[PDB]
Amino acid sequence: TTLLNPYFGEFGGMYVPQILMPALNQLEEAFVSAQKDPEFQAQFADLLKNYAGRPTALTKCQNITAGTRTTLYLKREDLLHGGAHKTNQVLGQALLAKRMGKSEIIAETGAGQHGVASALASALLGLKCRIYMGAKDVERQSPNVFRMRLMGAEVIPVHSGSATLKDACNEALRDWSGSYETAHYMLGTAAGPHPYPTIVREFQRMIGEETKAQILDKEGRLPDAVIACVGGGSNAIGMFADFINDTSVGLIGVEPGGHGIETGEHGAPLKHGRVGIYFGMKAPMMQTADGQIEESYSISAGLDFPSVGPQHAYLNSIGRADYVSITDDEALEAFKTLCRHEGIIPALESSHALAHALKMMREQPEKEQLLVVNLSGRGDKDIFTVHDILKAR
């Protein structure tokens, strides 16, 4: 029994061990209560404004589109405190934890950005934060691991399974299944068991709400399309949510194509996986023929996960949103292009979204189109990756 629908069509649900169902029910009730509570909303809004720096800018990018009929705006989540959109929802989830009387935070991380976001929210709001991270990711993300430690979080390497993000996801749930009485699980994306896809969307929906207000102010009409990268689905659903009922507004999600879909080295389960049940949800996932969970791949760690949030699978199924993929090389070109022509260093994650918008423009340069790309984060973290790759070329 639940207060809200755990499903988006066939996708979603609450596929957790029985022992965790009270924790999910408790969280759902607290969320529903918080959403009706003006004091909670005011506290959340105050943190977003005065701590995180909302609203974020909407930047018109004229140099990039010169000589075409594309008008392109970037929603500047790169300017949010912490350098990515993740900050929005961690602040909301931290306030929910406090509402429930919890003193501890558990979080999974792969790229390390969610770990840092969880750590910063926990530092601000007086919560004891522990972060699970696959040992292979720990090795690759020294900067983020150090940031988490500077902010007082405990970072726990996960050596089980493939020692990466999915394995950290498992360990977070293992811990919570014993610790839920005192700890809140601060899941890092719009995926996992209900109510997380719903909560994360609602705590990211200001992205799209602001975009709508800003584009109406600047252009006097809604975008033709909003474009966002899809790792687990949070920044994209945050951009999409407020436009879902605006039927004219295209919603385009961009999965990582890695070395190319045909290579199998990608992270594009929505379009190239198979429905399965994992991480508490029924969702498209990269899996072996026998149903073991497969290894995903992207140049960008933020997108490197073998599944996707259920609301995306649903929006795809009904045709409300279209999903595409962008390869490592396409994302790298978009990164370089934004740096050189707009003076903005984009996250390689966000560069996937930008790459698709550039393709939309370049393929049909006399098509009149007003596009918004969600620039989910800044790319300072990626400069060595881009350096090292471009050391060959």
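Rigid core: the largest C-alpha set superposing within 1.5 Å between the two forms. Sequential numbering from 1, following the sequence displayed.
Student: With the rigid core as the fit anchor, does 115 to 123 or 174 to 182 show bigger C-alpha shifts in 4 other deposited structures of this protein?
Tutor: Looking at 174 to 182 and 115 to 123 in 4 other deposited structures of this protein, the bigger mover is 174 to 182.
Student: Between 196 to 204 and 301 to 309, which has the larger RMS C-alpha deviation from this form in 4 other deposited structures of this protein after core superposition?
Tutor: This comes out as 301 to 309, the stretch further from the shown form in 4 other deposited structures of this protein.
Student: Hey, which bit's got the bigger mean C-alpha B factor in the entry, 296 to 304 or 232 to 240?
Tutor: Looking at the recorded C-alpha B-factors, 296 to 304 comes out higher on average.
Student: Quick one: say whether 141 to 149 or 253 to 261 has the higher mean Cα B-factor in the deposited entry.
Tutor: Higher mean C-alpha B-factor: 141 to 149.
Student: Based on what the PDB entry reports, which of 247, 204, 198, 122 has the top C-alpha B-factor?
Tutor: Answer, based on the entry's C-alpha B-factors: 247.
Student: Looking at 215, 135, 191, 106, which has the biggest Cα B factor in the entry?
Tutor: 135 has the highest C-alpha B-factor of those listed.
Student: Could you say whether, by C-alpha temperature factor, residue 210 belongs to the lowest, middle or highest third of its chain?
Tutor: Its C-alpha B-factor belongs to the lowest third of this chain's values.
Student: Going by the recorded CA B-factors, say which third of the chain residue 376 sits in, lowest, middle or highest.
Tutor: As the PDB entry reports it, the C-alpha B-factor of residue 376 lands in the lowest third of its chain.
Student: Would you mind checking where the Cα B-factor of residue 383 ranks among the modelled residues of its chain, as the lowest, middle or highest third?
Tutor: Ranked within chain, residue 383 CA B lands in the highest tercile.
Student: Comparing against every modelled residue in the chain, figure out the third that the C-alpha B-factor of residue 317 lands in (lowest, middle or highest).
Tutor: For residue 317, whose C-alpha B-factor we compare with every modelled residue in the chain, the answer is the lowest third.
Student: Would you please rank residue 154 by its C-alpha temperature factor against the other modelled residues of its chain and give the third it falls in: lowest, middle or highest?
Tutor: Highest third, going by the recorded CA B-factors of the chain.
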